[PDB]
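Undergrad: When you line the sequence shown up against the authors' numbering, it's residues 1 to 405, 437 to 641, 844 to 886, 918 to 1181, 1203 to 1458, in that order. Beta carbons are placed, not taken as given, at the ideal position from N, Cα and C, and that holds for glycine.
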Amino acid sequence: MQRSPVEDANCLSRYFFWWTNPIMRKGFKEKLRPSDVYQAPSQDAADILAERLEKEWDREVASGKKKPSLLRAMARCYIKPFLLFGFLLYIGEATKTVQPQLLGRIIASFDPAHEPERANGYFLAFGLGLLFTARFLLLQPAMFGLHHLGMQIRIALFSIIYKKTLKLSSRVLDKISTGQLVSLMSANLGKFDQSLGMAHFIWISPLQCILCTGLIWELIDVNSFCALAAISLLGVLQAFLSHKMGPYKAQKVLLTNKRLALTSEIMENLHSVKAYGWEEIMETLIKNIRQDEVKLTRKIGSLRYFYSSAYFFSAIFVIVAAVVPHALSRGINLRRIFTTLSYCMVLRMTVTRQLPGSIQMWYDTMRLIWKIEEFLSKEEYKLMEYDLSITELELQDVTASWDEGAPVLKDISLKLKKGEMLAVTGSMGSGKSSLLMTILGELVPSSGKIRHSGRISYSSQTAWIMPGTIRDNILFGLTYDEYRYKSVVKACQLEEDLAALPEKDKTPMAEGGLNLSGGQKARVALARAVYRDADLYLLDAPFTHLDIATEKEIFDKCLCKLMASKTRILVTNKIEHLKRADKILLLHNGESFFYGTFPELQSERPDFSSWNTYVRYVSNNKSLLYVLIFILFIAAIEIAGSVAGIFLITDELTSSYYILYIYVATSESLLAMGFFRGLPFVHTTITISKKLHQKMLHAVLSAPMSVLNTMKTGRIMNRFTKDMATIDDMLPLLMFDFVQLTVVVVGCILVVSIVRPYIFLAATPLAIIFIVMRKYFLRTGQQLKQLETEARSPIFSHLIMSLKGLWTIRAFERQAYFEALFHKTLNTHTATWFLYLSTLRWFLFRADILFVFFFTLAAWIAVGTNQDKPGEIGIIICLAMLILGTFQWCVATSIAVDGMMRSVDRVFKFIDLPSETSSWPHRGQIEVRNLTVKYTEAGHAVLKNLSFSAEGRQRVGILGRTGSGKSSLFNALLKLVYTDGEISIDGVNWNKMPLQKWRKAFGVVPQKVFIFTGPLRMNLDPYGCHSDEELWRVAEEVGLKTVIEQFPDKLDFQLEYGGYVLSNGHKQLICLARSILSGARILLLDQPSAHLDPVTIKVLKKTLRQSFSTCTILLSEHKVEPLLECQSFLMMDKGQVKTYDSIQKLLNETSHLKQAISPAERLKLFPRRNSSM
Ligand SMILES: Nc1ncnc2c1ncn2[C@@H]1O[C@H](COP(=O)(O)OP(=O)(O)OP(=O)(O)O)[C@@H](O)[C@H]1O
Ligand SMILES: Nc1ncnc2c1ncn2[C@@H]1O[C@H](COP(=O)(O)OP(=O)(O)OP(=O)(O)O)[C@@H](O)[C@H]1O
Ligand SMILES: [Mg+2]
Ligand SMILES: [Mg+2]
């Protein structure tokens, strides 16, 4: 990307935006790409703004205040431009205050007498033009500069909070939810930048209004005292309505946050939710809180209507309060009423528009500043000091607990030398991870000293994968090597299956490694830890998804031979690992039973324990069209009354002009939308949003997996978060306001033109010139905006991803790397945003300069060919001056509404997203022949020529090497992937049946468990069509009853996503309980014994096999002891399945990839008949 031309440019160029010319011209001809857009300017880059603000905050915190404030630190580095651009806004708006007099002098000097003055018109008219043009010359650069400042504020705050959250402690990290932290940023991103202009009026409006009322006080009469009182009542009425919005608006945002949290859950675990068949249920779950939300929006909109309507209706009321009282005292003045009128309106504008919008921001921003200040002042993580003098780890009397400092760990003692491996072991929730967390330095111990050498590696229990390549995750910062890398891949047994992929290496992985298998994520995450050089290695249960063979090989080659002379701590429950290892550690409820060698354990007493966009929008709701006709017809007859109404006065009455000023001044109220006229528009434009949301959610949730796995979570979520909240909240009032301003201006321009026709002559040429200039901007800008909104998604997806696997980032000390990566994703965004914002200012500035030509040629053409002896064509200068003052505000909306309307197309893409359009037999007979499955169309084959059969209600066993396709078979059976064959059930297939009914036949328990936010009632049965004792029966049946009884509100216990409330094993136990209640013939089981103890499986199988009495089951496990119960067996090979009756046949037919792998305990029972001859 070439450097930004803004730096290498003239002042005159940067002021008038001449540098923008090429990028517009290129955008006009052809379509733009992310390659085409410029680099960000060097002044407002990420690294400089962060380094700036942090210093002032550091010293402000370091000074030792009673309460450190962010404003005091912030103000010291942003005061200079704020006041400098602020001064221009004051002198700019102060221009208005002197308009009444200059306007008032020419209209005064119209009819004093015929002869005294000639020059007065032209001099003061040219002066009015000079004074007018001085304003927007003075005013426009201030806005741009002051916006651009707000961008520099927001980039610094995103940077410093990210730097903070990366070093935030684990005790407090669990308390803070991710959704609210993201949603805090997602709302502000755009709004906060643009909002500063309104906020600067907090001292402008009070200073101006006192000077304004001081000048209108030149009216001695109490008449003036009556006139101003109309502004005060309106002003308090405005702020009164803003109060009533508060409790409704505040209560709604909370109710929104529930939905955005739930949509994030359902769409992250989108693979599982389809397999059960929970579309309409989830749609219903979303529809309730959605139904509750819209009810409040109606009230927020209805109050926000009168907020707008009271402003437009007040022109009639305010104007009569000046003139009619003055009729009592020294009546019908020559020129004082016009001055008074102009002072009355400019005052009204300030109280109605500026000051509420000013105190709107300051009241909002202080709470934002309070929360960030609170967030920056939280518990900080301590980095481990590295020193070489210590060579082996030392613990003594370690006691520790989460959120209290009963204890999690209690008085641990262990003494490990260099070049030794320890074996941690125990039951569910014994505290095996917490011991690693204390050694790691994440959890701080309360009473007990813990000492070690600094550098540590760590492999997590739930392995996570970065967005990039397999190489990137294995290397993970460190440089590439020839045989180091290869020895790790060879040792970790990741070489064969990696070669089998379509691309050899460097496969671009989706969110969380969905394109990789369950076991591969463990081995790649292992390899990561193996590849680096460190003193201590912590492997927290790496062999949970691996086979017996791969485990055996990895344990012999990788753990023993390759890591020889490295200290290891491995979590496991296998006799052979415990036997080979040096020292054992047996936890139980946070306290240790035994600590020593294996023969010493045996000598002890416990022997062995274990228009297209608009037409589609309007046509979605026909009720809005029946309103749209009403607005056009009434406005036309409202116009008809004014056209005819003037002539009645003009005929009775050269000097038929001063009434035209009052009409133009009074126009807004005459052409306003009444109570019956305006409210139906707001009602219909809400109801459309309720449907338009409900259509999208249904369309997105029912689509094929190849299309869904193409898209990331953020790309989808960005439609729900921003674009839906835009069309919900903002669009109704802006689309209301747009019609008003067009009807007023177009209505007014026609009727002022009908009198004195040749004023129309000036407007014909440039209006079309203006419309061309708009179409010139809209081609390049609107297109550039869509790039900016896509550039928003990588920020939050990078933020939220960082919080999931933060524990590793700390272990590998890669925090600075992620900051650098985070700034790159910002700089690409701000480049786009800065460019777009500049191209808007070009158009906005060109709109004003274009206005000067209309004005002067209207002045030049409107002139006496003969002697204009009344003169004062200046009054036409005055009529044009005021009417087109609001035209800038009318245009200002035109860009906002149109650009914001293009967010609707993004929804319309998702609505039109490609999708798929007797008693079911007790006989659970299933056969498959010549099946072939593929994930991506026109890609590689995962299965090829698969053929097998299962007997009616028979127990079948599936085996195979890790990454053979055991899950993909279940995806093929359930139709989540492309297939070529004929799967049969009772001599029936999908020829007649739809997918819905085909899905209800099965009972799934997937690899990845899915437990969403809500109570256990909603988890165990989302429909809600079961008895309590029926739920208690299955809780006893599964072997999950007691652990529920220990909780408060036993069955209505608030269960969060992730967390620590239930252990991993319990999440499987829940996932089984789903399939109990499902009531299906066929059951698909993808590794039930994942994080289950040997003790739990025996008590499971005892009671579980009487529940599943009359139903077929398809198991797929690496553990043998759960598997050996079932009848038939089938193994998965390179291509296809080959079947066997018994284990004796299976293991002997298999070529010692399982026979020589199973331990002496199964070789006790297996060779019993041969050896016991
Ligand atoms: N990060 C955490 N924050 C707060 N509490 C936690 C955290 N991790 C675990 N806990 C709680 O403390 C207990 C410690 O058990 P822990 O999960 O360490 O045992 P474990 O052997 O790692 O579990 P598993 O057998 O599932 O691997 C858990 O039962 C849980 O309730
Ligand atoms: N979502 C996916 N998209 C594309 N390819 C996939 C996907 N999931 C798996 N694969 C491919 O299929 C192979 C293994 O499939 P699968 O995950 O069904 O095996 P598995 O038996 O479930 O693995 P494990 O035994 O580790 O659980 C891998 O080599 C992988 O490339
Ligand atoms: Mg654990
Ligand atoms: Mg699998």
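Enumerated in chain order, which unbroken segments of the alpha helix (DSSP H) with a length of 4 residues or greater are wholly contained in the region 922-969?
TA: Whole alpha helix (DSSP H) segments, 4+ residues: 922-934 and 939-965.
Undergrad: Check whether the region 992-1006 touches the region 1075-1093, counting contact only when three or more Cβ pairs, one atom from each stretch, lie closer than 8 Å.
TA: No, the region 992-1006 is not in contact with the region 1075-1093.
Undergrad: Hey, could you find the ends of the alpha helix (DSSP H) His148 is sitting in?
TA: Position 148 of the sequence shown, counted from the first residue, corresponds to residue 148. Per DSSP, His148 belongs to the alpha helix (DSSP H) from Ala119 to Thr165.
Undergrad: Let me know the secondary structure DSSP gives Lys537 once reduced to three states.
TA: The sequence position of residue 537 within the sequence shown is 506, counting from 1. Correct three-state label for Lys537: coil.
Undergrad: Is the distance from the Cβ of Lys1049 to the Cβ of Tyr1081 below 8 Å?
TA: Residue mapping note: residue 1049 aligns to position 785 of the sequence shown, counting from 1. Residue mapping note: residue 1081 aligns to position 817 of the sequence shown, counting from 1. Not a contact, by the Cβ cut-off of 8 Å.
Undergrad: At a cut-off of 7 Å, would you count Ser464 as near ligand 3, judging by its Cβ distance to the nearest heavy atom?
TA: By 1-based counting over the sequence shown, the position of residue 464 is 433. Yes, Cβ of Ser464 sits closer than 7 Å to a heavy atom of ligand 3.
Undergrad: Which two residues bound the contiguous alpha helix (DSSP H) that contains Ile332?
TA: Indexing the sequence shown from 1 puts residue 332 at position 332. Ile332 -> no alpha helix (DSSP H), and no H or E assigned at all.
Undergrad: With C-beta atoms as the reference, is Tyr850 less than 8 Å away from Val1227?
TA: If you number the sequence shown from 1, residue 850 lands on position 617. If you number the sequence shown from 1, residue 1227 lands on position 942. Not in contact: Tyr850 and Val1227 (Cβ atoms no closer than 8 Å).
Undergrad: Among all residues, which have a Cβ less than 5 Å from at least one non-hydrogen atom of ligand 4, and in what chain order do they fall?
TA: Qualifying residues, in the order they occur: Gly549, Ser1252 and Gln1292.
Undergrad: Does the Cβ-Cβ distance between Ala494 and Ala541 come in under 8 Å?
TA: Along the sequence shown, read from residue 1 onward, the residue named residue 494 stands at position 463. Along the sequence shown, read from residue 1 onward, the residue named residue 541 stands at position 510. It is not a contact, given that the beta carbons lie outside the stated cut-off.
Undergrad: Roughly how far, in whole angstroms, is the beta-carbon of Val1019 from the beta-carbon of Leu924, given that I think they are within contact range, below 8 Å?
TA: Within the sequence shown, the letter at position 755 stands for residue 1019. Within the sequence shown, the letter at position 660 stands for residue 924. Confirmed, Cβ separation roughly 7 Å.
Undergrad: Tell me which residues share the same chain as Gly1242 and place their Cβ nearer than 6 Å to its Cβ, disregarding the 5 neighbours each side in the sequence.
TA: Working through the sequence shown from its first residue, we reach residue 1242 at position 957. Correct list, in chain order: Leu1400, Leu1408, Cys1411 and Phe1414.
Undergrad: Under the rule that 16 or more other beta-carbon atoms within 10 Å means buried, what is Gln354, buried or exposed?
TA: For this step, residue 354 is matched to residue 354 along the sequence shown. Buried: at least 16 other Cβ atoms inside 10 Å.
Undergrad: Expressed to the nearest angstrom, what Euclidean distance is found between the alpha-carbon atoms of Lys535 and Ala62?
TA: As a working mapping, residue 535 is identified with position 504 in the sequence shown. As a working mapping, residue 62 is identified with position 62 in the sequence shown. Distance between the alpha carbons of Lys535 and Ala62: 54 Å.
Undergrad: Here's a check: name, in chain order, each residue in its chain whose Cβ is nearer than 8 Å to the Cβ of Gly1163, leaving out the five neighbours to either side.
TA: Numbered from its first residue, the sequence shown carries residue 1163 at position 899. Same-chain partners within the cutoff: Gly1045, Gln1046 and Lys1049.
Undergrad: Relative to the C-alpha of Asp44, which residue among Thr1094, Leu1448 and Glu392 is closest?
TA: Numbered from its first residue, the sequence shown carries residue 44 at position 44. Closest option to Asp44, Cα to Cα, is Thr1094.
Undergrad: For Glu380, name the three-state secondary structure that DSSP assigns.
TA: If you number the sequence shown from 1, residue 380 lands on position 380. Correct three-state label for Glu380: strand.
Undergrad: Using the Cα positions of residue 778 and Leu1336, report the straight-line distance between them to the nearest angstrom.
TA: Between 641 and 844, the chain has no modelled residues, and residue 778 is one of the positions in that gap.
Undergrad: Under the criterion of a Cβ to heavy atom distance below 7 Å, does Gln492 qualify as lining ligand 3?
TA: Looking up residue 492 in the sequence shown gives position 461. Yes - ligand 3 has a heavy atom lying nearer than 7 Å to the Cβ of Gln492.
Undergrad: Residue 426 to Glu379, Cα distance in whole Å?
TA: This model leaves out residue 426; its place in the chain lies between 405 and 437, and no residues are given there.
Undergrad: Which whole-angstrom value describes the C-beta separation of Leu453 and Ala612, a residue pair presumed to lie in contact below a C-beta threshold of 8 Å?
TA: As a working mapping, residue 453 is identified with position 422 in the sequence shown. As a working mapping, residue 612 is identified with position 581 in the sequence shown. Right, their Cβ atoms sit about 7 Å apart.
Undergrad: Taking the C-alpha atoms as reference points, what is the distance between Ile443 and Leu1385?
TA: Taking the sequence shown and counting its residues from 1, one reaches residue 443 at position 412. Taking the sequence shown and counting its residues from 1, one reaches residue 1385 at position 1100. Using only the alpha carbons, I get a separation of about 32 Å.
Undergrad: Note the first and the last residue of the continuous alpha helix (DSSP H) segment covering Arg52.
TA: The sequence position of residue 52 within the sequence shown is 52, counting from 1. Here the alpha helix (DSSP H) through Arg52 covers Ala46 to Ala62.
Undergrad: Does DSSP classify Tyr78 as helix, strand or coil?
TA: Here residue 78 corresponds to residue number 78 of the sequence shown, with the count starting at 1. Correct three-state label for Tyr78: helix.
Undergrad: Quick one: what does DSSP say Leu467 is sitting in, helix, strand or coil?
TA: As a working mapping, residue 467 is identified with position 436 in the sequence shown. DSSP places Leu467 in helix when its eight states are reduced to three.
Undergrad: Cα separation between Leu124 and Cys1142?
TA: On the sequence shown, residue 124 is found 124 positions in, with the first residue counted as 1. On the sequence shown, residue 1142 is found 878 positions in, with the first residue counted as 1. Their backbone Cα atoms lie some 11 Å apart in a straight line.
Undergrad: Would you say residue 676 touches ligand 2, meaning its beta carbon is less than 7 Å from a heavy atom?
TA: Residues lacking coordinates in the chain include everything strictly between 641 and 844, among them residue 676.
Undergrad: Would you say the region 318-326 touches the region 218-230, given that touching needs at least three Cβ pairs under 8 Å?
TA: Segments in contact, yes.
Undergrad: What separation, rounded to the nearest whole angstrom, lies between the Cα atoms of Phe28 and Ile1035?
TA: Taking the sequence shown and counting its residues from 1, one reaches residue 28 at position 28. Taking the sequence shown and counting its residues from 1, one reaches residue 1035 at position 771. When rounded, the distance between both Cα atoms is 15 Å.
Undergrad: Output the residue ranges of the alpha helix (DSSP H) runs that lie fully inside the region 977-1050 and measure 4 residues or longer, sorted by chain position.
TA: If we require 4 residues or more, the alpha helix (DSSP H) runs fully inside the region 977-1050 come out as 977-982 and 995-1018.
Undergrad: For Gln152, count the other beta carbons within 10 Å of its own beta carbon; 16 or more makes it buried, fewer makes it exposed. Which is it?
TA: Numbered from 1 along the sequence shown, position 152 holds the residue referred to as residue 152. Classification of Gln152: buried, given that the 10 Å Cβ count is 16 or more.
Undergrad: Do you know offhand how far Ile1064's Cα is from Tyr307's?
TA: Working through the sequence shown from its first residue, we reach residue 1064 at position 800. Working through the sequence shown from its first residue, we reach residue 307 at position 307. Distance between the alpha carbons of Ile1064 and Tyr307 is about 39 Å.
Undergrad: Starting from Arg599, trace the beta strand (DSSP E) both ways and give me its first and last residue.
TA: Taking the sequence shown and counting its residues from 1, the one referred to as residue 599 is at position 568. Here the beta strand (DSSP E) through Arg599 covers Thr598 to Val602.
Undergrad: Taking 8 Å as the cut-off, decide whether the C-beta atoms of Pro476 and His1225 are in contact.
TA: Here residue 476 is taken as the residue at index 445 of the sequence shown, counted from 1. Here residue 1225 is taken as the residue at index 940 of the sequence shown, counted from 1. No, the Cβ-Cβ distance between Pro476 and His1225 is not below 8 Å.
Undergrad: My output table needs one value for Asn1230: the three-state DSSP class, helix, strand or coil.
TA: Residue numbering aside, residue 1230 sits at position 945 when the sequence shown is read from its first letter. Correct three-state label for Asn1230: strand.
Undergrad: Got a sec? Which residues, its chain only, sit under 6 Å from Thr95 by beta carbon, not counting five neighbours each side?
TA: As a working note, residue 95 is residue 95 in the sequence shown. Counting only Cβ-Cβ distances below 6 Å, and skipping sequence neighbours, we find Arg135.
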